[PDB]
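Chemist: So that we are looking at the same thing, I have put the structure below in structure tokens.
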RNA sequence: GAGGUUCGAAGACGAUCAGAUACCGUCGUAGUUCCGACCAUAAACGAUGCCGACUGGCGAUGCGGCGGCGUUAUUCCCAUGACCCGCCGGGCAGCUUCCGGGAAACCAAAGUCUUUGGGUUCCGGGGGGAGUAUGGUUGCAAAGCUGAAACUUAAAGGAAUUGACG
Ligand SMILES: [Mg+2]
Ligand SMILES: [Mg+2]
Ligand SMILES: [Mg+2]
Ligand SMILES: [Mg+2]
Ligand SMILES: [Mg+2]
Ligand SMILES: [Mg+2]
Ligand SMILES: [Mg+2]
Ligand SMILES: [Mg+2]
């Protein structure tokens, strides 16, 4: 109301805004660099997966896909932090 | 759909200044927008606007002031032949004492006064006053 | 049925009492001819009819004080009640029942004060649609 | 008001605000009041920022003080919790009180016993005593209010964000206003506290 | 003789406020017709517009009661419109003048185009509209006089507009809101926000505030 | 409003809301003009002068006024950095 | 009613078809 | 002159919606329209409760209830005083107040 | 709404054309009928022979006999 | 063409009524039921064209997503799932207000309109005559679609007001 400094919007109130509605359009998605228990190999899985992500090794299956984010299998880690 | 990107924008910067809104952003952006807003900047009709560069189209964010009663847009850009320029600025502006028909001639985008100093006609865009 | 009172009576009655609470009592025939003194009531019916509420308002007063009424003792009584006060109304000894978030408000203030903060239970919310 | 140095928030003051619960708002939130809040807890009770709560409090002070003749400040309460309060700042400042019914156009009418062309309102709840605010549209009446989180801000110069619900809290505000308005100019040191307690300011239920 | 009950009233009769421009400035409600009678003694000539008989219906015949409109102005800046309904014609008129008197406003007048001499017309093309009907007031080069229907001419001639072409429509017959639409036309001259204004206001005290000493009277 | 001879015509220059720059009516009775005092700088005490400060009707009936009081007040150094 | 005159004419015209078609 | 914004009807977001014939006039009405009482009347009523609770072979005994979904066309709803006919301001106030 | 475009000079002309066979005052003037129907063949006055004198009875609210001529 | 549960134009009687070829009764044909062709209209109604922009609140809910603080359960957790508390998109809706509209009733939109034009589709120009005549066309036909005039006519109408009678 009568004074919203649109150009310098505080970090919180872009994350409560639909991706394209923001001041600059950025995504709300991410890749995660995933461990899994058997192999030490790290796959570069994208959160919003669509497909089933299989291990570079073989046997294990990492990510069942669902509506939004991917369902990691049972006991496996991930790493956002980048860019 | 988005046919005319002025009408789009100018509605939303008339239509804030009624509510007394301090500043507004305009979603699509354009060259023509910038070039016609910078005209409004000179006669005072707005303050400094700061264009965001979303990689695609552009957004702008217009500092408003109280001063703009209305800005509108003549949607088809009729071709104004300099003899008509009067007959327009009669029936499209509140007085002969202020009010600015922004149009677009041979020598750039500008108000009607500046097309008259250079003695050119061209295509009407809109008007603020 | 026959007799509910008229506003010449209800108003005059209430206004005698406002002005002669001390003079009147809870009898009829006494305050009956008090009214002959302190007023110029022309008709005997009315003269007499007025000492109507003059009694019906004393029978009320002893039992209770009217929510809206004219009185001297009550106004005097009210002043006395107002003066009485605790030495500190809001001191609340030592230790206020404070939420952790409330503690957070103090931190932004940067003030430091004594207080244990407890947060407990599920976030039930309020009401049952 | 923004007390850059001297007329700062202090500590003895803050404990009052906490004790009475003047920061504990209502469950709900009229957006005009999202400037004056920091969190809601669980349950769903909003928390007013005692810093802003005060700045504003002085802001009303500056404005009442501004009034050259102190007896042309109307001070209203219709809800009872202010009834006592308003009389008591009114007596402290020498301002003019209206407790109970905001009576028919005391602002309009050159015939009713009460008119008054006062130059500032003060009100307990905009929500409740909501005539005088509206009559304050027909005269050029600024208007201080003792808003909650749940309170519309049609016609208020300035909103003091508080509880205005538990009598206990109300009084405090009618104090602090009274206090500041006499500290500013009047007849208090700044350094020393009052003769006057709060206890005087926040009503009594039928008790004795 | 007065008995000014309103403070704004008191200040007027003791040569305290100099010109009503000092009232309008602060947007204060005039509420005593005699005020405007101080402050525009003589001048202020008062023309009735219409005496239209309304009438409401009841178990026995029809209550008939008259509605007078009156226009007021000083051929120099200030004009007003008063509409009073009463049981009798002379009461209506007399007591409509009392309202018109109250509800007078100043009209800002401007200039054709060449910026010379004294102000003969309206600054902008203002419009004003009352329930359907609407009246537009177009600026006007000197000599043209007023170019309208009778009724807006009789309000504009009063305002001290010398020249204006108008454009009106709706149900222009319904005189009341022929005249009330072209009340709000000439009110909204001074609401027109032009470059000519556009300078931040210096600001000044107030009558209540300067003279607050004399109101608590001595 | 000058003319040829710099001649200030127009019987008054209206006030003008502080919050919208929008010109405040002749008969806009929901106008305000809030006078707000300053202090000595050290002790307290309104002594000196005055932050005058106007607002139209429309902004009041919108609900703002106090949003638009603060923002001005804290520009004018009365309020500060909450 | 409306419905019962639209139904009048849609009976009456049908008599002019019949009357006409004879000749 | 739209009387009820809603139309006394409670449709919105649809088209032809199940019709139901009334429990009095036998008159056809929509489901969203139509007044819908649902009576939980005791079988025995107020009087006989204690005749029957004496004569009962069993001890105590709760007694059953009829669960009828009454279901009136508006005609019979008004004629037989289920609803009434309110003021312009009142028409709106949709709460159900005992 | 209206068509508003810039190479729409016809859709407009041809719009404002036909939406005159819904005017009443032109469908007298431009159709045919009028010239065909009015005994006065588009002509201001006309001459004719008086074949008898006939009184006409005026329309209810005003009773009287009007005194006309069959021509 | 199949079938005949009820209801039920038409149709038969009983009453009611001055009469009732009506209502209220008792029968019951076409049809309502199915499968196959046509017909192409509703008060087919939100009496609101479709796309597109902008302008306030506040509650609710359907779906999806996202986040969190809960716990019932459910298991050692889990996964869940079921409740709670948030946010986000787009859905059906509600209230509230001197945005602003709006003849008015009213309308987050019927707002942005003498401060007149974002794109475009349709379509009305006093009432009847008349949705008639005639012409054309589709249809097996009811009818559908297209669709005049002479003549007459001063209001017909809409929104709200008091009345006054139900
Ligand atoms: Mg034959
Ligand atoms: Mg349907
Ligand atoms: Mg068959
Ligand atoms: Mg039957
Ligand atoms: Mg159709
Ligand atoms: Mg429309
Ligand atoms: Mg248009
Ligand atoms: Mg016609």
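Every residue, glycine as well, gets a Cβ built from its backbone with ideal geometry; the counts of neighbours run over all protein chains shown. Throughout, read-outs are computed from the coordinates displayed, never taken from laboratory work.
Chemist: Please work out if residue B:90 is without any contact (Cβ under 8 Å) to a residue 12 or more places away in the chain, assigned to a helix (DSSP H, G or I) and near RNA strand J (Cβ under 10 Å from one of its atoms). Quick ask: steps written out before the conclusion?
Modeler: On the way: without any contact (Cβ under 8 Å) to a residue 12 or more places away in the chain: yes; assigned to a helix (DSSP H, G or I): yes; near RNA strand J (Cβ under 10 Å from one of its atoms): no.
It is false that residue B:90 is without any contact (Cβ under 8 Å) to a residue 12 or more places away in the chain, assigned to a helix (DSSP H, G or I) and near RNA strand J (Cβ under 10 Å from one of its atoms).
Chemist: A further question follows. Provide a single number: the residues in region I:44-56 that are surrounded by 10 or more Cβ atoms within 10 Å (Cβ to Cβ) and free of Cβ contacts under 8 Å to residues at least 12 places away in the same chain.
Modeler: Qualifying residue count, region I:44-56: 1.
Chemist: Moving to a separate point now. Take residues that are away from chain D (no Cβ under 14 Å) and buried (at least 17 other Cβ atoms within 10 Å of the Cβ) and tell me which of the helices (runs of 4 or more DSSP H) falling wholly in region E:138-218 contain 2 or more. Can you show your working first?
Modeler: Details: elements: E:150-159, E:176-179, E:181-187, E:207-210, E:212-215.
By residue number, E:150-159, E:176-179, E:181-187.
Chemist: Out of D:79, D:62, D:40, D:101, which single residue is touching a residue at least 40 places away in the same chain (Cβ under 8 Å) and either away from chain F (no Cβ under 13 Å) or touching a helix residue (DSSP H, G or I) at 6+ places or on another chain (Cβ under 8 Å) (or both)? Steps first, answer last, please.
Modeler: Working: D:62 fails: either away from chain F (no Cβ under 13 Å) or touching a helix residue (DSSP H, G or I) at 6+ places or on another chain (Cβ under 8 Å) (or both); D:40 fails: touching a residue at least 40 places away in the same chain (Cβ under 8 Å); D:101 fails: touching a residue at least 40 places away in the same chain (Cβ under 8 Å).
Matching residue, one of D:79, D:62, D:40, D:101: D:79.
Chemist: Would you pick out the residues in region D:1-57 that are within 27 Å of residue F:50 (Cβ to Cβ), part of a loop (DSSP other than H, G, I, E, B) and within 16 Å of RNA strand J (Cβ to nearest atom)?
Modeler: Across region D:1-57, the qualifying residue is only D:36.
Chemist: Which residues, counting only those in region B:13-58, are part of a helix (DSSP H, G or I), in contact with a strand residue (DSSP E or B) (Cβ under 6 Å, 6 or more places away or on another chain) and surrounded by fewer than 16 Cβ atoms within 10 Å (Cβ to Cβ)?
Modeler: B:35
Chemist: Check residue D:34 against each of (1) surrounded by 17 or more Cβ atoms within 10 Å (Cβ to Cβ); (2) within 14 Å of chain F (Cβ to nearest Cβ); (3) within 21 Å of residue A:1 (Cβ to Cβ) and name the one condition it does not meet.
Modeler: All conditions are met except number (1).
Chemist: Among the residues of region E:48-59, is there at least one that is within 24 Å of residue D:138 (Cα to Cα) and either touching a helix residue (DSSP H, G or I) at 6+ places or on another chain (Cβ under 6 Å) or surrounded by 15 or more Cβ atoms within 10 Å (Cβ to Cβ) (or both)? Outline the logic, then answer.
Modeler: Residues of region E:48-59 within 24 Å of residue D:138 (Cα to Cα): none.
Among the residues of region E:48-59, not one is within 24 Å of residue D:138 (Cα to Cα) and either touching a helix residue (DSSP H, G or I) at 6+ places or on another chain (Cβ under 6 Å) or surrounded by 15 or more Cβ atoms within 10 Å (Cβ to Cβ) (or both), which makes the answer no.
Chemist: Residues that are surrounded by fewer than 24 Cβ atoms within 10 Å (Cβ to Cβ) and more than 16 Å from RNA strand J (Cβ to nearest atom): find the helices (runs of 4 or more DSSP H) completely inside region D:80-193 holding 1 or more of those.
Modeler: Numbers: elements: D:80-89, D:131-135, D:167-183.
Because the criterion is at least 1 residues that are surrounded by fewer than 24 Cβ atoms within 10 Å (Cβ to Cβ) and more than 16 Å from RNA strand J (Cβ to nearest atom), the helices (runs of 4 or more DSSP H) in region D:80-193 that meet it are D:80-89, D:167-183.
Chemist: Specify which of the listed residues (B:73, B:1) is within 8 Å of RNA strand J (Cβ to nearest atom), loosely packed, with under 15 Cβ neighbours inside 10 Å, over 26 Å from residue F:61 (Cα atoms) and more than 9 Å from every other protein chain (Cβ to nearest Cβ). Break it down stepwise before answering.
Modeler: Values: B:73 fails: loosely packed, with under 15 Cβ neighbours inside 10 Å.
Matching residue, one of B:73, B:1: B:1.
For every residue, the table says whether it meets (1) within 14 Å of chain B (Cβ to nearest Cβ); (2) part of a loop (DSSP other than H, G, I, E, B); (3) within 13 Å of RNA strand J (Cβ to nearest atom); (4) in contact with a strand residue (DSSP E or B) (Cβ under 9 Å, 6 or more places away or on another chain).
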position: I:1; (1), (2), (3), (4): yes, yes, yes, no
position: I:17; (1), (2), (3), (4): no, no, yes, no
position: I:20; (1), (2), (3), (4): no, yes, yes, no
position: I:35; (1), (2), (3), (4): no, no, yes, no
position: I:40; (1), (2), (3), (4): no, yes, yes, no
position: I:44; (1), (2), (3), (4): no, yes, no, no
position: I:61; (1), (2), (3), (4): no, yes, yes, no
position: I:69; (1), (2), (3), (4): no, no, no, yes
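Chemist: Could I ask something else about it? Could you please find all residues in region H:24-69 being in a loop (DSSP other than H, G, I, E, B) and in contact with a helix residue (DSSP H, G or I) (Cβ under 6 Å, 6 or more places away or on another chain)? Step through it out loud before you land on a result.
Modeler: So in region H:24-69, the residues in a loop (DSSP other than H, G, I, E, B) come out as H:24-27, H:31-34, H:36-38, H:43-44, H:56-64, H:69.
If the condition is that a residue be in a loop (DSSP other than H, G, I, E, B) and in contact with a helix residue (DSSP H, G or I) (Cβ under 6 Å, 6 or more places away or on another chain), then H:24, H:25, H:44 are the ones that fit.
Chemist: Before we move on, is residue E:116 surrounded by fewer than 21 Cβ atoms within 10 Å (Cβ to Cβ), at negative phi and within 14 Å of chain B (Cβ to nearest Cβ)? I'd like the intermediate steps shown before the answer.
Modeler: Numbers: surrounded by fewer than 21 Cβ atoms within 10 Å (Cβ to Cβ): yes; at negative phi: yes; within 14 Å of chain B (Cβ to nearest Cβ): yes.
Taking the combined requirement at face value, the residue satisfies it.
Chemist: A further question follows. Pick out the one residue from D:53, D:22 that is more than 8 Å from every other protein chain (Cβ to nearest Cβ) and buried (at least 24 other Cβ atoms within 10 Å of the Cβ). Give the steps one after another, and end with the answer.
Modeler: On the way: D:53 fails: buried (at least 24 other Cβ atoms within 10 Å of the Cβ).
The unique qualifying residue is D:22.
Chemist: Something else now. Return the residues of region H:11-59 that are within 10 Å of RNA strand J (Cβ to nearest atom), more than 16 Å from the chain's Cα centre (by Cα) and surrounded by 11 or more Cβ atoms within 10 Å (Cβ to Cβ); say none if nothing qualifies.
Modeler: In the first step, residues of region H:11-59 are kept if they are within 10 Å of RNA strand J (Cβ to nearest atom); the result is H:11-17, H:21, H:25-27.
Narrowing further to those that are more than 16 Å from the chain's Cα centre (by Cα): H:11-17.
If the condition is that a residue be within 10 Å of RNA strand J (Cβ to nearest atom), more than 16 Å from the chain's Cα centre (by Cα) and surrounded by 11 or more Cβ atoms within 10 Å (Cβ to Cβ), then H:11, H:17 are the ones that fit.
Chemist: Now for a different question. Could you check region E:52-64 and list, in sequence order, the residues that are over 18 Å from residue E:181 (Cα atoms) and in contact (Cβ under 8 Å) with a residue 24 or more places away in the chain?
Modeler: Kept after step one, since they are over 18 Å from residue E:181 (Cα atoms), are these residues of region E:52-64: E:53-64.
The one that is over 18 Å from residue E:181 (Cα atoms) and in contact (Cβ under 8 Å) with a residue 24 or more places away in the chain: E:54.
Chemist: Pick out, from region C:14-129, the helices (runs of 4 or more DSSP H) lying fully within it that include 2 or more residues that are within 16 Å of RNA strand J (Cβ to nearest atom). Quick ask: steps written out before the conclusion?
Modeler: Working: elements: C:29-32, C:34-38, C:44-56, C:58-63, C:73-83, C:100-109.
Hits in region C:14-129: C:100-109.
Chemist: Would you pick out the residues in region B:93-111 that are over 22 Å from residue E:126 (Cβ atoms) and within 14 Å of RNA strand J (Cβ to nearest atom)?
Modeler: Keep residues of region B:93-111 that are over 22 Å from residue E:126 (Cβ atoms), which gives B:102-111.
Matches in region B:93-111: B:102, B:103.
Chemist: Quick check: anything in region A:16-30 more than 14 Å from chain B (Cβ to nearest Cβ) and closer than 30 Å to residue B:49 by Cβ?
Modeler: Quick first cut of region A:16-30, residues more than 14 Å from chain B (Cβ to nearest Cβ) only: A:16, A:28-30.
Still in the list and also closer than 30 Å to residue B:49 by Cβ: A:16, A:28.
Yes, the conditions are met somewhere in region A:16-30.
Chemist: Of all the residues that make up region C:83-99, how many are loosely packed, with under 13 Cβ neighbours inside 10 Å and either touching a residue at least 12 places away in the same chain (Cβ under 8 Å) or within 30 Å of residue C:15 (Cβ to Cβ) (or both)? If you could, list the steps in order and put the result at the bottom.
Modeler: Going residue by residue through region C:83-99, those that are loosely packed, with under 13 Cβ neighbours inside 10 Å are C:83-84, C:86-87, C:93-95.
From what's left, either touching a residue at least 12 places away in the same chain (Cβ under 8 Å) or within 30 Å of residue C:15 (Cβ to Cβ) (or both): C:83, C:94-95.
The qualifying residues number 3.
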